[PDB]
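A short worksheet on the structure shown next.
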Amino acid sequence: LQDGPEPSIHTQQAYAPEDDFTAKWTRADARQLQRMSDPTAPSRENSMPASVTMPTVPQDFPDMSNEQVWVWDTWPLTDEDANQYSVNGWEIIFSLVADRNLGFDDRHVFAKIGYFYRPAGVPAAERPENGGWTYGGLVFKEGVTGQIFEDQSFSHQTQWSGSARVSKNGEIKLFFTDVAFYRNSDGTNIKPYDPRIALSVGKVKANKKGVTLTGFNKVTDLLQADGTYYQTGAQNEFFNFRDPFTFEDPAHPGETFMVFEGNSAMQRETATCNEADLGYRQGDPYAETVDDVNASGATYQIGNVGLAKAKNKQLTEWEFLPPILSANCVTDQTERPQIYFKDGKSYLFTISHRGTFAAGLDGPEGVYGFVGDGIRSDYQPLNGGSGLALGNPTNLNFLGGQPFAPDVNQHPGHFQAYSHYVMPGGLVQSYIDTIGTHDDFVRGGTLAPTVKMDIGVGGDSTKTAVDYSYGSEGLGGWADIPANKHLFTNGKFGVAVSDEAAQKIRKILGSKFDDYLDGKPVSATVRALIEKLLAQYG
């Protein structure tokens, strides 16, 4: 480590989910990112430790949709434990997609949710190079997602990210961010944009030819920023409020929680930070003062991670709870939060950009992570108190540039990946934003190779390390988002079975099982034979 401040003290102690306690990712903590960086790293080389750096993605990459659409934020079908599912022999994922004729940077205001599918239970060696996904098209018919807004005068209306919960009968609860914009033709706001956390219910319809979806004809408005816990558009024109991820906490069975991205609810122009946001140890010679930080503009970076609790079992009504993490004077964006459970701990993972760090701070694009003894805890930022779990290769000694304009001295993989999502077993999927140099770069809009991050190295829960023996020198399959659970259902009754059990059941039962899964009528006798057999392997 370069000389610098000590990281903050965090205890990992748990609080009640409903308690008014918010962990801080502090300035002292974030400054560890600069300590970890090698100040001698030459132009265009990585300055960050290999163990917390994503393997370099080749500039020669396949496109998962054969360039039919731009694809970015992606999520699997999950249950309450975040296991990932196939249904009737098909892995299914949801993705933000946009018209490929757009410039990649204009995707945001024309974003829609689409889906992809591919066969389940296929070994890596047998899977096509591009991941083997088929694009299934858009989830929502025109007009559906606009229904929730009182003011229908929007210039743009989009679907942004969330998650999708699957039931044993193939019902899908799609949690997403439903967004309305009110922009003049120059792009200036008439009024602040209106992002809401929303739900739409639908269902998998599968057969040997592929997957279609039914339903998704009504949207329920679940949550909008309140102004006491989560910043509003009145408080900040460019406020963040998005990305619902739902789960059950093993420490609180019977309840369903949601994390999402917000900002701390302070008026933009008068926001301030305190000693705890700065987080310095007593007497640290590298400590900053509150006055200096408050004078710096760092107060414009006040991202947080929210928590809400379901008020019913259909998940159609939610109660805000206090934020579980704030990064005041640290970053504007703690995006796509997820809670990941391992070894009795709560890991909060969130993604952030380099450019979104506050004045005086710096860090790579990638996934930042925190560990505690509860979903609301005094979270310990991972890896030396830094918070960095997996960064793109980054030279912190030179400016970061932008994905539309790489810096002449920056590593060509600086923007190679974003929207990293941690899957069971520490597998991480992401999309490609930009790969290349100042003079020769390309945009991605397709998924990167899946990589493997080992969580809790050497008995130390606060440490992670990239597995460079995974796949080819750390790079697994392109767009690999594998299901570890496998549902079989006629749309009414459903069971989860192993892939090997799935193959045996299909062999025993023959074509009548195809009919059962396709939703086709069979006799009550045949139906009971099939379902009793499925139940045996459940």
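Numbering starts fresh at 1 for the residues of each chain in the structure tokens, the chains themselves are lettered A, B, ... in the order given, and ligands are numbered from 1 as they appear.
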
*Could you find all residues in stretch 70-219 of chain A that DSSP calls helix (DSSP H, G or I) from the backbone, and write them as a list in words?*
residues 104, 105, 106, 108, 109, 110, 124, 125, 126, 145, 146, 147 and 148 of chain A

Same residues, N, CA and C atoms, saved as a PDB file, in the first residue's frame:
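result-v5.pdb was written with the following content:
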ATOM      1  N   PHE A 104     -24.895   3.916 -29.364  1.00  0.00           N
ATOM      2  CA  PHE A 104     -24.968   3.163 -28.105  1.00  0.00           C
ATOM      3  C   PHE A 104     -25.246   4.087 -26.919  1.00  0.00           C
ATOM      4  N   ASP A 105     -24.655   5.283 -26.907  1.00  0.00           N
ATOM      5  CA  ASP A 105     -24.897   6.214 -25.787  1.00  0.00           C
ATOM      6  C   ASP A 105     -26.308   6.819 -25.698  1.00  0.00           C
ATOM      7  N   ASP A 106     -27.101   6.699 -26.764  1.00  0.00           N
ATOM      8  CA  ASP A 106     -28.513   7.133 -26.765  1.00  0.00           C
ATOM      9  C   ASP A 106     -29.500   6.027 -26.397  1.00  0.00           C
ATOM     10  N   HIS A 108     -30.387   4.909 -23.494  1.00  0.00           N
ATOM     11  CA  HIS A 108     -30.996   5.009 -22.175  1.00  0.00           C
ATOM     12  C   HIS A 108     -32.442   5.461 -22.254  1.00  0.00           C
ATOM     13  N   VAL A 109     -32.714   6.458 -23.104  1.00  0.00           N
ATOM     14  CA  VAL A 109     -34.055   7.017 -23.240  1.00  0.00           C
ATOM     15  C   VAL A 109     -34.947   6.271 -24.223  1.00  0.00           C
ATOM     16  N   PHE A 110     -34.449   5.184 -24.810  1.00  0.00           N
ATOM     17  CA  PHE A 110     -35.254   4.294 -25.645  1.00  0.00           C
ATOM     18  C   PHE A 110     -35.155   2.849 -25.157  1.00  0.00           C
ATOM     19  N   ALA A 124     -20.336 -26.839 -20.989  1.00  0.00           N
ATOM     20  CA  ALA A 124     -19.595 -25.701 -21.539  1.00  0.00           C
ATOM     21  C   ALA A 124     -18.982 -26.069 -22.879  1.00  0.00           C
ATOM     22  N   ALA A 125     -18.360 -27.245 -22.954  1.00  0.00           N
ATOM     23  CA  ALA A 125     -17.707 -27.683 -24.190  1.00  0.00           C
ATOM     24  C   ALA A 125     -18.662 -27.810 -25.384  1.00  0.00           C
ATOM     25  N   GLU A 126     -19.962 -27.912 -25.124  1.00  0.00           N
ATOM     26  CA  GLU A 126     -20.925 -28.164 -26.172  1.00  0.00           C
ATOM     27  C   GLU A 126     -21.712 -26.923 -26.532  1.00  0.00           C
ATOM     28  N   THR A 145     -46.432  -0.104 -20.273  1.00  0.00           N
ATOM     29  CA  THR A 145     -45.684   0.434 -19.146  1.00  0.00           C
ATOM     30  C   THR A 145     -45.959   1.916 -18.903  1.00  0.00           C
ATOM     31  N   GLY A 146     -46.524   2.609 -19.883  1.00  0.00           N
ATOM     32  CA  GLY A 146     -46.859   4.008 -19.696  1.00  0.00           C
ATOM     33  C   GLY A 146     -48.078   4.242 -18.814  1.00  0.00           C
ATOM     34  N   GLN A 147     -48.830   3.172 -18.522  1.00  0.00           N
ATOM     35  CA  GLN A 147     -50.133   3.268 -17.858  1.00  0.00           C
ATOM     36  C   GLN A 147     -50.082   3.894 -16.475  1.00  0.00           C
ATOM     37  N   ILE A 148     -48.957   3.783 -15.779  1.00  0.00           N
ATOM     38  CA  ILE A 148     -48.929   4.190 -14.380  1.00  0.00           C
ATOM     39  C   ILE A 148     -48.760   5.692 -14.165  1.00  0.00           C
TER      40      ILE A 148
END

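Residues with any atom within 12 Å of residue A:400, counting only C-alpha atoms and excluding same-chain neighbours fewer than 5 positions away, are residues 43, 44, 46, 353, 354, 355, 356, 357, 362, 363, 364, 365, 392, 393, 394, 395, 405, 406, 407, 408, 409, 410, 411, 412, 413, 414, 415, 437 and 438 of chain A.
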
*asked:* Under the rule that only C-alpha atoms are counted, which of A:33, A:271, A:82, A:14 is the nearest residue to residue A:396?
replied: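 Of the candidates, the smallest distance to residue A:396 is held by A:33.
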
*What's the 12 Å shell around residue A:31, counting only C-alpha atoms, without same-chain residues fewer than 5 positions away, as an NGL selection string?*
:A and (1-8 or 25-26 or 36-37 or 278-280 or 286-288 or 329-330 or 357-363 or 381 or 384-388 or 396)

Output C-alpha atoms of each residue in that selection to a file, as a PDB file, in the first residue's frame.
ATOM      1  CA  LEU A   1       0.000   0.000   0.000  1.00  0.00           C
ATOM      2  CA  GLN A   2       1.052   3.548  -0.768  1.00  0.00           C
ATOM      3  CA  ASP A   3       1.102   5.770   2.325  1.00  0.00           C
ATOM      4  CA  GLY A   4      -2.292   7.240   3.179  1.00  0.00           C
ATOM      5  CA  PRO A   5      -5.142   7.199   5.694  1.00  0.00           C
ATOM      6  CA  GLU A   6      -6.206   4.115   7.586  1.00  0.00           C
ATOM      7  CA  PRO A   7      -9.573   2.740   6.566  1.00  0.00           C
ATOM      8  CA  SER A   8     -12.570   3.325   8.830  1.00  0.00           C
ATOM      9  CA  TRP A  25     -18.846   3.754   2.768  1.00  0.00           C
ATOM     10  CA  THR A  26     -16.525   6.494   3.969  1.00  0.00           C
ATOM     11  CA  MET A  36      -3.791  -0.148  -3.425  1.00  0.00           C
ATOM     12  CA  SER A  37      -2.852   1.335  -6.811  1.00  0.00           C
ATOM     13  CA  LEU A 278     -15.270  11.153   6.181  1.00  0.00           C
ATOM     14  CA  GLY A 279     -14.610   8.310   8.624  1.00  0.00           C
ATOM     15  CA  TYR A 280     -11.014   9.032   9.686  1.00  0.00           C
ATOM     16  CA  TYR A 286      -4.064  11.976   6.329  1.00  0.00           C
ATOM     17  CA  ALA A 287      -7.468  13.028   7.754  1.00  0.00           C
ATOM     18  CA  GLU A 288      -9.491  15.653   5.951  1.00  0.00           C
ATOM     19  CA  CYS A 329     -19.083  12.648  -0.349  1.00  0.00           C
ATOM     20  CA  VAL A 330     -17.923   9.362  -1.893  1.00  0.00           C
ATOM     21  CA  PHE A 357     -16.464   9.272  -7.431  1.00  0.00           C
ATOM     22  CA  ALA A 358     -16.352  12.472  -5.398  1.00  0.00           C
ATOM     23  CA  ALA A 359     -13.647  15.106  -5.472  1.00  0.00           C
ATOM     24  CA  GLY A 360     -10.393  13.739  -4.133  1.00  0.00           C
ATOM     25  CA  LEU A 361     -11.362  10.088  -4.666  1.00  0.00           C
ATOM     26  CA  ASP A 362     -10.832   7.652  -7.497  1.00  0.00           C
ATOM     27  CA  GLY A 363     -11.417   4.022  -8.331  1.00  0.00           C
ATOM     28  CA  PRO A 381     -16.169  -2.552   2.678  1.00  0.00           C
ATOM     29  CA  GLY A 384      -8.621  -3.629   2.925  1.00  0.00           C
ATOM     30  CA  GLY A 385     -11.698  -1.495   3.663  1.00  0.00           C
ATOM     31  CA  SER A 386     -11.639  -0.202   0.087  1.00  0.00           C
ATOM     32  CA  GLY A 387     -14.949  -1.620  -1.116  1.00  0.00           C
ATOM     33  CA  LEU A 388     -13.481  -2.849  -4.415  1.00  0.00           C
ATOM     34  CA  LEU A 396      -5.331   5.227 -11.583  1.00  0.00           C
TER      35      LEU A 396
END

*asked:* With only C-alpha atoms as the counted atoms, please give the residues lying no more than 8 Å from residue A:220, apart from itself and same-chain residues fewer than 3 positions off, as a PyMOL selection string.
replied: chain A and resi 148+198-200+316

Using only C-alpha atoms, which residues sit within 10 Å of residue A:307 once same-chain residues fewer than 3 positions away are excluded, as an mmCIF file with N, CA and C atoms, in the first residue's frame?
data_model
loop_
_atom_site.group_PDB
_atom_site.id
_atom_site.type_symbol
_atom_site.label_atom_id
_atom_site.label_comp_id
_atom_site.auth_asym_id
_atom_site.auth_seq_id
_atom_site.Cartn_x
_atom_site.Cartn_y
_atom_site.Cartn_z
ATOM 1 N N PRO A 17 -33.967 -5.023 10.482
ATOM 2 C CA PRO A 17 -34.228 -4.454 9.172
ATOM 3 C C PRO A 17 -34.980 -3.126 9.218
ATOM 4 N N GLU A 18 -35.810 -2.941 10.248
ATOM 5 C CA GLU A 18 -36.606 -1.731 10.372
ATOM 6 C C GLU A 18 -35.881 -0.586 11.119
ATOM 7 N N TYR A 229 -36.088 9.478 3.136
ATOM 8 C CA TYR A 229 -35.032 8.461 3.010
ATOM 9 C C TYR A 229 -34.323 8.514 1.654
ATOM 10 N N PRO A 244 -34.673 -2.619 -8.621
ATOM 11 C CA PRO A 244 -35.150 -3.464 -7.521
ATOM 12 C C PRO A 244 -34.643 -4.911 -7.581
ATOM 13 N N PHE A 245 -34.132 -5.393 -6.463
ATOM 14 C CA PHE A 245 -33.701 -6.785 -6.287
ATOM 15 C C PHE A 245 -34.379 -7.301 -5.031
ATOM 16 N N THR A 246 -35.212 -8.334 -5.185
ATOM 17 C CA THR A 246 -35.948 -8.897 -4.043
ATOM 18 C C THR A 246 -35.368 -10.202 -3.549
ATOM 19 N N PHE A 257 -37.793 -8.801 1.239
ATOM 20 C CA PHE A 257 -37.153 -7.518 1.211
ATOM 21 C C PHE A 257 -36.735 -7.190 -0.204
ATOM 22 N N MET A 258 -36.435 -5.908 -0.414
ATOM 23 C CA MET A 258 -35.962 -5.396 -1.696
ATOM 24 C C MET A 258 -34.845 -4.399 -1.448
ATOM 25 N N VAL A 259 -33.750 -4.507 -2.188
ATOM 26 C CA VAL A 259 -32.789 -3.409 -2.236
ATOM 27 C C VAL A 259 -32.879 -2.713 -3.590
ATOM 28 N N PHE A 260 -32.513 -1.430 -3.595
ATOM 29 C CA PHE A 260 -32.502 -0.618 -4.802
ATOM 30 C C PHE A 260 -31.520 0.529 -4.648
ATOM 31 N N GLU A 261 -31.238 1.201 -5.748
ATOM 32 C CA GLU A 261 -30.361 2.353 -5.747
ATOM 33 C C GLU A 261 -31.174 3.609 -5.499
ATOM 34 N N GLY A 262 -30.659 4.466 -4.623
ATOM 35 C CA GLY A 262 -31.211 5.803 -4.376
ATOM 36 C C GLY A 262 -30.122 6.838 -4.243
ATOM 37 N N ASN A 304 -26.967 6.274 -2.297
ATOM 38 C CA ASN A 304 -27.291 5.326 -1.257
ATOM 39 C C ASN A 304 -27.918 4.034 -1.797
ATOM 40 N N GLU A 319 -43.231 -1.192 1.723
ATOM 41 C CA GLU A 319 -42.946 -0.143 2.704
ATOM 42 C C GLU A 319 -41.470 0.209 2.602
ATOM 43 N N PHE A 320 -41.130 1.482 2.402
ATOM 44 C CA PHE A 320 -39.734 1.920 2.549
ATOM 45 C C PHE A 320 -39.242 1.706 3.976
ATOM 46 N N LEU A 321 -37.991 1.270 4.088
ATOM 47 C CA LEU A 321 -37.234 1.291 5.329
ATOM 48 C C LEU A 321 -36.003 2.207 5.158
ATOM 49 N N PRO A 322 -35.291 2.515 6.252
ATOM 50 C CA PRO A 322 -34.153 3.437 6.097
ATOM 51 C C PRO A 322 -33.070 2.872 5.188
ATOM 52 N N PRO A 323 -32.259 3.736 4.563
ATOM 53 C CA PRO A 323 -31.200 3.207 3.678
ATOM 54 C C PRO A 323 -30.239 2.299 4.453
ATOM 55 N N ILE A 324 -29.716 1.270 3.807
ATOM 56 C CA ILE A 324 -28.753 0.393 4.460
ATOM 57 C C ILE A 324 -27.308 0.799 4.228
ATOM 58 N N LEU A 325 -27.062 1.582 3.170
ATOM 59 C CA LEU A 325 -25.715 2.092 2.880
ATOM 60 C C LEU A 325 -25.812 3.489 2.281
ATOM 61 N N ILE A 375 -28.578 -7.962 6.954
ATOM 62 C CA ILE A 375 -28.859 -7.158 5.748
ATOM 63 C C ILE A 375 -28.789 -5.661 6.076
ATOM 64 N N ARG A 376 -29.126 -5.305 7.322
ATOM 65 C CA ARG A 376 -28.786 -4.005 7.865
ATOM 66 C C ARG A 376 -27.703 -4.249 8.910
#

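For the residues A:397, A:66, A:274, A:511, ranking by smallest atom-to-atom distance to residue A:41 using only C-alpha atoms places A:397 first.
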
*Name the residues in contact with residue A:192 at a cut-off of 8 Å, using only C-alpha atoms, excluding same-chain residues fewer than 3 positions from it; report them as a ChimeraX atom specification.*
/A:181-182,189,233-234,237-238

*May I ask for the distance between atom CA of residue A:160 and atom CA of residue A:138, given in Å to one decimal place?*
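Interatomic distance here is 13.0 Å.
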
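One finds atom CA of residue A:12 at 22.8 Å from atom CA of residue A:35.
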
_Give me, as number ranges by chain, all polymer residues having an atom no more than 12 Å from residue A:289, counting only C-alpha atoms and skipping those fewer than 4 positions away in the same chain._
A: 27-28, 273-280, 283-285, 293-296
